[PDB]
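1. My sequence and its experimental structure, below.
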Amino acid sequence: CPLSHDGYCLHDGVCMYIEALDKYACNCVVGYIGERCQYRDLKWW
Amino acid sequence: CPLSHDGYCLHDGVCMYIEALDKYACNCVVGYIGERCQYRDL
């Protein structure tokens, strides 16, 4: 996830290093899913 | 949307009642796809 893009992850998410995923990905807010959190999971609340 | 509680259409979308079918529809905002506007179309 582009650490310079600034607004790469959508819906108030934040690009960072997720250890559990041992990668630099989008850390979305509870509910959203997808590479940049573009999708919403209505089954997850 | 006569519904008392807000949130049927996520992401600033407006809801509407389709009498003929007793079904609810949503008027998502541009860039949003889905029955209730869940998906952002990039």
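-> Right, received. Where do you want to start? Numbers count the residues shown, from 1 in each chain, chains lettered A, B, ... in the order given.
2. Pretty sure residue A:35 sits against residue A:23.
-> No: assessed by CB atoms under 8 Å, residue A:35 is found out of contact with residue A:23, at 11.7 Å. Bear in mind the C-beta positions are built from the backbone N, C-alpha and C, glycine included.
3. more neighbours, these two?
-> residue A:35 (14 against 10; other CB atoms under 10 Å in any protein chain shown).
4. Just give the closest residue to the more buried one, not the sequence neighbours.
-> With CB to CB, 6 or more residues apart in numbering or on different chains as the criterion, residue A:35 has its nearest non-adjacent residue at 6.8 Å, and that residue is residue A:26.
5. The one you found: neighbour count?
-> The burial count for residue A:26: 21, using other CB under 10 Å.
6. what does residue A:38 give?
-> Neighbours of residue A:38 (other CB under 10 Å): 22.
7. Who does the closest residue in space to it that isn't next to it in sequence form a beta bridge with?
-> Using CB to CB, 6+ apart and skipping residues adjacent in sequence, the residue nearest residue A:38 is residue B:40, 4.1 Å away. Using DSSP bridges, the bridge partners assigned to residue B:40 are residue B:32.
8. contacting residues around residue B:40?
-> Residues near residue B:40 by CB atoms under 8 Å, 6 or more residues apart in numbering or on different chains: A:10-11, A:38-39, B:11, B:31-33.
9. Tell me which two of the residues you listed sit farthest apart.
-> Taking CB to CB, the two most distant members of those are A:11 and B:33; they sit 14.4 Å apart.
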